[PDB]
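Undergrad: A structural model of the following input is requested.
(chains A and B, ligands or ions: 7)
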Amino acid sequence: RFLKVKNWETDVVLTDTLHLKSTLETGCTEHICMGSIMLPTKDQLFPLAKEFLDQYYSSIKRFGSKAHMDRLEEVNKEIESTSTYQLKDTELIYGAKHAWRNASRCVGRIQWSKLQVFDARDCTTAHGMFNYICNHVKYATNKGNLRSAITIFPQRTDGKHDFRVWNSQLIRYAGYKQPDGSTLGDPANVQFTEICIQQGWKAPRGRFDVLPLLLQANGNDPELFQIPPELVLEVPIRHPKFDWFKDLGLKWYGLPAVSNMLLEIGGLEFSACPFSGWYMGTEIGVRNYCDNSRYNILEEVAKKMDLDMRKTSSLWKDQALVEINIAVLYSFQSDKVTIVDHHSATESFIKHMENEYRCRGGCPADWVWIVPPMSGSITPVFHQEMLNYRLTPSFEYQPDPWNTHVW
Amino acid sequence: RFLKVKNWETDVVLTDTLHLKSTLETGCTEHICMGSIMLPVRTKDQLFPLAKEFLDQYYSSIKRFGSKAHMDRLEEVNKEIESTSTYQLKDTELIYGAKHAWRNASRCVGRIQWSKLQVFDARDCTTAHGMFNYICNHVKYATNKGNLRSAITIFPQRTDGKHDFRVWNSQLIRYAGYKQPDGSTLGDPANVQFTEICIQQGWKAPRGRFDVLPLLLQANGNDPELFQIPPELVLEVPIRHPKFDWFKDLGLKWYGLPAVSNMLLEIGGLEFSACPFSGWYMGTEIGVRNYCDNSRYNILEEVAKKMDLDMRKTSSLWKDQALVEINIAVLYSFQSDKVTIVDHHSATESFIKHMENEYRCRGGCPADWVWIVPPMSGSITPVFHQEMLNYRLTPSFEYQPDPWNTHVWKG
Ligand code: HEM
Ligand code: HEM
Ligand SMILES: CNCCN(C)c1cncc(CCc2cc(C)cc(N)n2)c1
Ligand SMILES: CNCCN(C)c1cncc(CCc2cc(C)cc(N)n2)c1
Ligand SMILES: C[C@H](O)[C@H](O)[C@H]1CNc2nc(N)[nH]c(=O)c2N1
Ligand SMILES: C[C@H](O)[C@H](O)[C@H]1CNc2nc(N)[nH]c(=O)c2N1
Ligand SMILES: [Zn+2]
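TA: Numbers count the residues shown, from 1 in each chain, chains lettered A, B, ... in the order given. Ligands and ions are numbered 1, 2, ... in the order given. Provided below are the atomic coordinates:
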């Protein structure tokens, strides 16, 4: 019941007490581990509020204070009368930071306390949403010196008035099915692209077209907006040694900004809460560029390098992989757009993890997601035992709105 | 109950029913996943159901379930258990059992080969000298002049836990590690403790970087005894690189035969505490882990220096670049010397086919994603994108305590 995690590289052992505050289910049982599975009322509401407010007031060394009791009382009143309650600005900021802190699949959590929270709870229309998102994008981008941010739209009420950003990220490239049977652009975005066209977007049918935002306010029908092109910072990809690399015509956007997740704080649900940080190189170079079901460029790069692609054992894929990832990091650095390599990031996460165990009694971490998609065992996280469990406040997955939306 | 797994690269969905036969625990609960945790004397009471479960499976597998032969065998074992407190497996059951322990090994990417396993029955062995002989024969047969063959040698099962057969080595063939007074390590740091035990037991250490350890063999609960595997039986491969001529001068080699010797084989409730097994290497085991772990030979820097990579910032990915060249070298060297080896692309691709075949024919394939995914180039191998279900089936291979912590010394 008091769990130990061992680092097999360093022999360092940490004791986890924090997991006993866990609440949501893991998908696992004593008979079966689902660790590798990607997606495993007033009565209900007040204990959630209380649990949250208890931890909030503990964090400000005011547990059991009158102001603590007062707040608890006030919230209980409000839930009883109005069936929901409103978070204080302080509570909202605390909650959003802790959702990030609790994100077990995020390697970048050493940064968790430095998050800029934009309160967009006063937003009522999709136009309003668009303005808030432009401001987020511009703030977070900061001319390439990226700053973590989250913009938080009105909370769920009855479920029939949800705010939703239909896009999975604020910034992504379109994907088009060709008559050639092939796929043009990002294959991961074909369906959403269709919905944009369906909703009237005039697609330029290019390879790196920035998708428009599809914004839904107050449970109304979603509307289309185009992010001002001058606010979308992009990095052309070149290689420091290979002059030919630029001829691939590759580029990527600077701002990773997740927009389809649900923020839960104190039992309240924020269905529209886009958040952003900065990229770890492998996200672009390994996954976005080299996944078979993505831009899938390995072969083309390999050919340009004149590798023996006859036999897997020449490790031509591994060689091209490295070079592609070298180019990504080099291109971002050259353009002064913030980026972190997988060595630096995983090293930071180890130190964060030690800080968290020391100051919080633990740190929930999903090893399957934390270990980078290349060079796994030469990063310190590979040798680090981790315990995965769910703490709230939290970011959750939610269904794509087009399967949900009564038009 | 039905469980589905999805491959996120291909969208192929498989349905697992085999997990319904799962037995032992995972370490996980509804509240906590311990999927990345490395390490999560028996009464007649518990024994017969375990025997029975096993024999029902064996008899189903040979399409003789419910047969008189099946029924007589259950009867025979039941009686032998109530008479003698244990029972002996038929040779057929032992072989079936050993193959299935491998088949069930959720951490093994090489399981496409599971039905091809040479089983050496050493249950008649009584002494450490006898164990040495059996192990030499296993090594010679398995090595096969570089054309490696999978094999397992099975020594007598546990009785009261006071007469265990144990191979004290973690692998049949491994290199000594020596801690120096200046705190540096000569040879393989992983094997420092065991090397020290060998030396204390009388082993004369050459004290070089690649000294093959002696066997430390325990028969029938007696104190273990030292034996040197005949050098001519230990196949090794000098590591060179197809393009970089300086790579040979790193002075690296490795042995050809990976042979785990510290695990416990459970079959029908019986416990085989000494059951060394061997196959052939996947390149990354050597090129990534053995050579490049900071806690092992740790050669990344020396290699990267010689390639003259920019080592001033990790962002140059000098470690990644050197890592690849080393793994190219391992594969090159083994192939050149005609010693069996498989790259991580081939091995993971074969595993996916095996896994799918298993779902279709067996109703599932327990697999530990954390172990299955190779330690380099994870997501450009198909296993990375494959959801897996980890559970425990018997017969199985299990961890056991290192014998030096538990052995009662006779003296
Ligand atoms: C500031 C630098 C950051 C870095 C380097 C970073 C890094 C990463 C990486 C590599 C992943 C795996 C993503 C994937 O493979 O798709 C991830 C996931 C995640 N991150 Fe972070 N992140 C950062 C900031 C943030 C922020 C600001 C938040 C929230 C406020 C956040 C919350 C999450 C969540 C919830 C996931 C899981 C996503 C999912 O399950 O799909 N991250 N992060
Ligand atoms: C024939 C070629 C084989 C290949 C290429 C192969 C591949 C692998 C690899 C790469 C690992 C991970 C090792 C590590 O990271 O320490 C492993 C583990 C394992 N293998 Fe296989 N293997 C083979 C044969 C066998 C055989 C013959 C058996 C048993 C009869 C077996 C049973 C196991 C078990 C029980 C593990 C888990 C080891 C542990 O938990 O420490 N394998 N295998
Ligand atoms: C299963 N993933 C497919 C969709 N995808 C590529 C994706 C999913 N989930 C999250 C992200 C972005 C991850 C991320 C987020 C933030 C804030 C920073 C960062 N460096 N990466 C991307
Ligand atoms: C605890 N981890 C380090 C111990 N170690 C190096 C190790 C552990 N477990 C297994 C092996 C050898 C793995 C193996 C076994 C067999 C039969 C074939 C193969 N290719 N690899 C080595
Ligand atoms: C902590 C973590 O479980 C540990 O480093 C594991 C990860 N996956 C592994 N996978 C294999 N094949 N072999 C290993 O030793 C490990 N080590
Ligand atoms: C099946 C498996 O869970 C899936 O491929 C996971 C593996 N680990 C991952 N890790 C990260 N960071 N991101 C991912 O999308 C995935 N995909
Ligand atoms: Zn689990």
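
Undergrad: with adjacent residues omitted, what lies nearest to the residue in the stretch 251-400 of chain A that ligand 4 sits nearest to?
TA: Using C-beta to the nearest ligand atom, the closest approach of the stretch 251-400 of chain A to ligand 4 is made by residue A:383 at 10.1 Å. Bear in mind the C-beta positions are built from the backbone N, C-alpha and C, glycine included. Among residues not flanking residue A:383 along the chain, residue A:9 sits closest, at 3.8 Å (C-beta to C-beta, 6 or more residues apart in numbering or on different chains).

Undergrad: please, which helix or strand holds that neighbour?
TA: Here residue A:9, judged by DSSP states H and E, is contained in no helix and no strand.

Undergrad: now stretch A:83-103: buried residues?
TA: Within stretch A:83-103, the residues that count as buried by 16 or more other C-beta atoms under 10 Å in any protein chain shown are A:84-85, A:87, A:91-103.

Undergrad: so residue A:402 makes contact with residue A:195?
TA: Yes: taking contacts as C-beta atoms under 8 Å, residue A:402 lies within contact range of residue A:195: 5.9 Å.

Undergrad: overlap in contacts of these two?
TA: residue A:166 (C-beta atoms under 8 Å, 6 or more residues apart in numbering or on different chains).

Undergrad: thinking the residue of the stretch 251-400 of chain A closest to ligand 4 is in contact with residue A:7, fair?
TA: Yes: between residue A:383 and residue A:7 there is a contact under C-beta under 8 Å: 5.7 Å.

Undergrad: the two - which one has more neighbours?
TA: residue A:383 (22 against 18; other C-beta atoms under 10 Å in any protein chain shown).

Undergrad: list the contacts of residue A:135.
TA: Residue A:135 neighbours (C-beta under 8 Å, 6+ apart): A:118, A:151.

Undergrad: now it: how far from residue A:214?
TA: Here the criterion is C-beta to C-beta, to the nearest Å. By it, residue A:135 lies 18 Å from residue A:214.

Undergrad: which residues touch whichever residue of the stretch 251-400 of chain A sits closest to ligand 7?
TA: Ligand 7 sits closest to residue A:388 of the stretch 251-400 of chain A, with a gap of 7.2 Å, by C-beta to the ion. Counting by C-beta under 8 Å, 6+ apart, residue A:388 makes contact with A:26, A:35, A:104, A:364, A:365, A:366, A:367, B:32, B:33, B:35, B:36.

Undergrad: please redo it, this time with the cut-off set to 10 Å
TA: Residue A:388 makes contact with A:19, A:22, A:26-28, A:35, A:104-105, A:364-370, B:28, B:32-36 under the criterion C-beta atoms under 10 Å, 6 or more residues apart in numbering or on different chains.

Undergrad: ok, and the closest non-adjacent residue to it?
TA: Spatial nearest neighbour of residue A:388, chain neighbours left out: residue B:33 (4.1 Å); criterion: C-beta to C-beta, 6+ apart.

Undergrad: where does the stretch 1-150 of chain A get nearest to ligand 2, residue-wise?
TA: residue A:8 (11.2 Å).

Undergrad: revised request: answer the last question for chain A.
TA: For chain A, C-beta to the nearest ligand atom, closest residue to ligand 2: residue A:377, 9.3 Å.

Undergrad: count the residues that sit near that residue.
TA: 21.

Undergrad: so it lies in a helix, does it not?
TA: Yes: counting by DSSP: H, G, I helix; E, B strand; the rest coil, residue A:377 is found in a helix.

Undergrad: show me where the stretch 101-250 of chain A has strands.
TA: Listed in chain order, the strands of the stretch 101-250 of chain A (DSSP state E, counting those that start in this stretch) span A:116-119, A:149-152, A:164-165, A:175-177, A:183-185, A:213-216, A:223-225, A:234-236.

Undergrad: let me know which of these is the nearest to ligand 4.
TA: strand A:183-185 (37.2 Å).

Undergrad: now that closest one, how far from the centre of its chain.
TA: How far strand A:183-185 lies from its chain's middle: 24 Å, per C-alpha atoms, centre = their mean, to the nearest Å.

Undergrad: one step back: TSV for the strands of the stretch 101-250 of chain A, including mean neighbour count and distance to ligand 3?
TA: Converted to TSV, the strands of the stretch 101-250 of chain A look like this (neighbours: other C-beta atoms under 10 Å in any protein chain shown; distance: least, C-beta to the nearest ligand atom, whole Å):
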stretch	mean neighbour count	distance to ligand 3
strand A:116-119	18	13
strand A:149-152	26	9
strand A:164-165	26	13
strand A:175-177	19	13
strand A:183-185	19	14
strand A:213-216	24	17
strand A:223-225	18	21
strand A:234-236	17	14
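
Undergrad: need those strands in CSV with distance to ligand 7, can you?
TA: Output for these, formatted as CSV (distance: least, C-beta to the ion, whole Å):
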stretch, distance to ligand 7
strand A:116-119, 33
strand A:149-152, 29
strand A:164-165, 31
strand A:175-177, 33
strand A:183-185, 35
strand A:213-216, 35
strand A:223-225, 42
strand A:234-236, 38
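
Undergrad: just send the ones you listed back as TSV, with distance to ligand 4 too.
TA: Listed next are these as TSV, based on distance: least, C-beta to the nearest ligand atom, whole Å:
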stretch	distance to ligand 4
strand A:116-119	43
strand A:149-152	41
strand A:164-165	45
strand A:175-177	40
strand A:183-185	37
strand A:213-216	49
strand A:223-225	53
strand A:234-236	40
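
Undergrad: hey, what's the residue nearest the centre of chain A bridged with?
TA: The residue lying closest to the centre of chain A (C-alpha atoms, centre = their mean) is residue A:258, at 4.7 Å. Assessed by DSSP bridges, residue A:258 has beta-bridge partners residue A:169, residue A:275.

Undergrad: mind checking what secondary structure residue A:37 has?
TA: With three-state DSSP as the criterion, residue A:37 reads coil.

Undergrad: residues in contact with it?
TA: A:26, A:27, A:28, A:368, B:3, B:4, B:5, B:6, B:369, B:387, B:388, B:389.

Undergrad: tell me which residues touch the second one, please.
TA: It stands for residue A:27. For residue A:27, counting by C-beta under 10 Å, 6+ apart, the contacting residues are A:33, A:34, A:35, A:37, A:39, A:40, A:388, A:390, B:28, B:30, B:33.

Undergrad: count the neighbours of the residue of the stretch 1-150 of chain A closest to ligand 2 for me.
TA: Neighbourhood size, residue A:8 [other C-beta under 10 Å]: 13.

Undergrad: cool, and the one 3 residues further on?
TA: Around residue A:11 sit 8 other residues, with neighbours defined as other C-beta under 10 Å.

Undergrad: and residue A:231, by the same measure?
TA: For residue A:231, the neighbour count with other C-beta under 10 Å is 15.

Undergrad: hmm, it is touching residue A:134, no?
TA: Yes: using C-beta atoms under 10 Å, residue A:231 is in contact with residue A:134, at 6.1 Å.

Undergrad: identify the contacts common to residue A:383 and residue A:7.
TA: What both residue A:383 and residue A:7 touch, as defined by C-beta under 10 Å, 6+ apart, is the set residue A:350.

Undergrad: what residue in chain A is the furthest from its centre?
TA: residue A:310 (38.0 Å).

Undergrad: that one and chain B: what is the separation?
TA: 13 Å (C-beta to the nearest C-beta, to the nearest Å).

Undergrad: three-state assignment of that residue?
TA: coil.
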